[PDB]
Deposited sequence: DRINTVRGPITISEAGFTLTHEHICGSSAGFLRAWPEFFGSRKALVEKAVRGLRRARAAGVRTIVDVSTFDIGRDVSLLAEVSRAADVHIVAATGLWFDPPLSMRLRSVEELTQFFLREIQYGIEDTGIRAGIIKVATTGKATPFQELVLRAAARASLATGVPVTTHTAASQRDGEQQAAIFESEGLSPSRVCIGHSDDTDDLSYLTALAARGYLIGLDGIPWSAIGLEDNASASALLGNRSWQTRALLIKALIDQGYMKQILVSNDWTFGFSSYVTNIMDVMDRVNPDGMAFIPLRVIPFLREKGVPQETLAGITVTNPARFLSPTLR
């Protein structure tokens, strides 16, 4: 039941404090290799990533789950280099996000299942690095292709025991549609995380999924823009409003169904040019925002350490551990 990382298999006890939805670099397939000067240089991106992960480590984080898929420009060699120099375990991902190229979008469910399985059972590229999580996406009502991906992600999870994590348009209640698709394939709700759930205030949506066994991804707490580009991406809602949703779900009793993270990055190319510079101004803490700002905020709101350590250590370790239920 060992969890696969970019450096090799680790046990449940070695995982520790885990951020379930992070990115070393938010890019596009082949971009980092073709145009490293966009990030200054590859060396400059590595140096920035090592510094940010070491800051996260000093604050308490032992493992981060890089949910960067093929189309988000996942570079496992970059992930391996920064994991080694920072002494933070990184769990790599397979799956598809909302920017698949023609070679991915014209594939059948059988073919996409084989691709996700290739990255989990054999390895990513020629590196032998196996993925320990599957990332998928929907932005409103699922397109015939997005449904096909969710099904392929479910089938790949049922043959390996590896978990599935999603990107949602939470306000449009995507988690319910994704649920219906995952359940029709026979996937256990305990192997799924309905991510970006901190984008909505609808508690009757979050509790309904958490009661069925789904893990709720309140994975982007520092995302706030309190000018168009930063506002359209990060949103109008504050970090406190997103952190009060962690509190609200513990008050509903569904404490064991919570996964917290930052959804941060050290390189961003899939959006406008200076978005990374604006993001580093909004949150200078980076990935260290959860143990330095969110946890002490929840402690001052009435949530004990036994509960917060269960959300950060026990919940991700149970989520990442290969099993069918």
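One segment of the deposited sequence has no coordinates for C-alpha: 227-230, numbered from the first residue.
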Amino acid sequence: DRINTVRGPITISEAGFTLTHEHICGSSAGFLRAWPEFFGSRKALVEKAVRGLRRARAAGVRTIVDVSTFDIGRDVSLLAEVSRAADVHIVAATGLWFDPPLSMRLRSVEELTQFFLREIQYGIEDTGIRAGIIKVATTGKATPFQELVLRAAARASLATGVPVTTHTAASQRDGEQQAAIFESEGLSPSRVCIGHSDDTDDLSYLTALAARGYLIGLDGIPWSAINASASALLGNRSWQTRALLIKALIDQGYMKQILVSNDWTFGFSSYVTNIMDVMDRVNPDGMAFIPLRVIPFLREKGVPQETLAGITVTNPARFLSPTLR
From here on, numbers count along this sequence of modelled residues.
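The deposited model assigns a higher average Cα B-factor to 196-204 than to the other stretch when 161-169 and 196-204 are compared. With 254-262 and 64-72 compared on mean CA B-factor from the PDB entry, the stretch scoring higher is 254-262.
When the C-alpha B-factors of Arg107, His89, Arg118, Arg237 are ranked from the entry, the top spot goes to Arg237. Reading the B-factor column for the CA atoms of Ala211, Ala93, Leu148, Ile216 in the entry, the top value corresponds to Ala211. Sorting the modelled residues of the chain by their CA temperature factor places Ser184 in the middle third. Looking at the C-alpha B-factors along this chain, the one for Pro101 belongs to the lowest third. Per the deposited record, the Cα B-factor of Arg293 falls in the highest third when ranked against the other modelled residues of its chain. Split the chain's modelled residues into thirds by C-alpha temperature factor. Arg54 is in the middle one.
When all modelled residues of the chain are sorted by CA temperature factor, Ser190 is found within the middle third.
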